[PDB]
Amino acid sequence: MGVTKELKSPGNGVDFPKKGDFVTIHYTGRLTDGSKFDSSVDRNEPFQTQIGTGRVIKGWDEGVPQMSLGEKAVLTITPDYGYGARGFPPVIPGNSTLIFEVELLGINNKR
């Protein structure tokens, strides 16, 4: 529904994030017009977040637990599961579909 996932490279197929876990992710975020609005890869800084607890947009909270540890995937996120009608000024317009390349590098202490 609000997020769908295309697998690019498989993870270990065994370890999946659960609600409340902390995950480490490398990502690149783009608009559908091609604009890159952010990239942890470009700043060489893996991004850590608790998953499933609303600290990140819903598309991440729902999509990331579907990935196995080590997986590279692309999340396509509808506005309802992203920043909605307001967007995120100044970088994400209202009603933006978001495209995230995501690599699941760690779950809690597992790498």
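Numbering starts at 1 and follows the sequence shown.
In the PDB record, does 61 to 69 or 43 to 51 carry the higher mean Cα temperature factor? Per the deposited B-factors, the answer is 43 to 51.
Look up the CA B-factors in the entry and say which stretch, 6 to 14 or 95 to 103, has the higher mean. Result: 6 to 14.
Ranking the modelled residues of this chain by C-alpha B-factor as given in the entry, is residue 79 in the lowest, middle or highest third? Ranked within chain, residue 79 CA B lands in the middle tercile.
Please say which third, lowest, middle or highest, residue 30 falls into when its CA temperature factor is compared across its chain. Middle third.
Mind checking which third residue 87 falls in for C-alpha B-factor across the chain? Highest third, going by the recorded CA B-factors of the chain.
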